[PDB]
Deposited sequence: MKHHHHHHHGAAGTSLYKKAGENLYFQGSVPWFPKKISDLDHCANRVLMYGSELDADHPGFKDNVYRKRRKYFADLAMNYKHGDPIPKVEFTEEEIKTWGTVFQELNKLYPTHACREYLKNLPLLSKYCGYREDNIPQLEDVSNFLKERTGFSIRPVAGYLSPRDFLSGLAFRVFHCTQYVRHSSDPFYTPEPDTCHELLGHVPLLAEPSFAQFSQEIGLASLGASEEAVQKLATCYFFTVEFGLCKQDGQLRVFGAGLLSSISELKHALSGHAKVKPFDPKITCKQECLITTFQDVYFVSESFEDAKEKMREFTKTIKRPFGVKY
């Protein structure tokens, strides 16, 4: 039988709440209490609420600032044109600055106008099925906390810096928003195996994707765009690159503690969208 899946945007209320050891904040209680604070905001959020605005601490804003300054040095030569186009809009309308962490509510309002995408705060990891299902309604489940200040370059756990600098500029691009939504739509009520394959295709596009633009390789994956060292590595000659091809890409193991072994290159967001359309027919 078909598994339960959301049928309207408010149905995400029933799944978005269905949620380390080497972590830099593992032994810090103040950090743990703060993370509990953010988790509770997500857990208590219901669709229709304004996303609670948070007063970030001086330590958190400096951590953001450090990440923000280094990444911005690289974007002009590493990011795709769509990312570079949208990033200045975020600074002007959402307060993206070295000394200010943007509020999810402001970013959500920006995206709703541009592409109909919206943000929902998420306490932690959801199942692949639940996470993908939000995309079907142009809802991106977003972390709201900040990485521990002891290591501003600690990336294996996504934080709000990753969401705001990695994902948000692309969600404001119509072609990318359509591509993303169609992953969500394909996942709705799909088999467990199909959800795994879509989640892997998502991983090697939305999170670690490369694209070809005017004969050059650029980066569009959010995970790369928020990771200083891997952003450089991905466009270096040391990275292994292969064509995005869902029936192949969906078999690739997703790595979390190290650089990817391989990166997949999409011709464009429209082409990646077309390839997924052909692929999803065979798994659903």
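Several segments of the deposited sequence are absent from the coordinates, namely 1 to 28, 48 to 54, 320 to 326.
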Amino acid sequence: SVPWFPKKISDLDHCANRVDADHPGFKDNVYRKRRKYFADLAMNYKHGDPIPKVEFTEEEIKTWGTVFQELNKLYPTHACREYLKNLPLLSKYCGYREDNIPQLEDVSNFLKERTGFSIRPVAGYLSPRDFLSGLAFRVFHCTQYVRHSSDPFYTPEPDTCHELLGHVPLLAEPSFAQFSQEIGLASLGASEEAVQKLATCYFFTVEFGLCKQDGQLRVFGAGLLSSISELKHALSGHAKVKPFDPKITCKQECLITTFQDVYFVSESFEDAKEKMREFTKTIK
From here on, numbers count along this sequence of modelled residues.
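Take the two forms, superpose them, and find the largest set of C-alpha atoms that agree within 1.5 Å; that set is the rigid core.
Choosing between 148 to 156 and 86 to 94, the greater Cα displacement from the shown form in 6 other deposited structures of this protein, fitted by the core, goes with 148 to 156. Modelled in this chain, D22 is nonetheless absent from a third or more of the other compared entries whose models extend past it on both sides. Per the PDB record, of the two stretches 257 to 265 and 8 to 16, 257 to 265 carries the greater mean B-factor over its C-alpha atoms. Across the two stretches, 21 to 29 and 268 to 276, the PDB entry reports the greater mean Cα temperature factor for 21 to 29. In the PDB entry, the Cα temperature factor peaks, among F117, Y202, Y154, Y83, at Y154. Residue-level inspection of the entry shows that, of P50, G65, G223, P246, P246 has the top Cα B-factor. In the PDB entry, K46 places in the lowest third of its chain by CA B-factor.
Ranked by Cα temperature factor within the chain, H148 sits in the highest third according to the deposited record. Ranked by C-alpha B-factor against the other modelled residues of its chain, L164 falls in the lowest third. In the PDB entry, a CA B factor belonging to the lowest third of its chain's modelled residues is recorded for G209. In the PDB entry, a CA B factor belonging to the middle third of its chain's modelled residues is recorded for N72.
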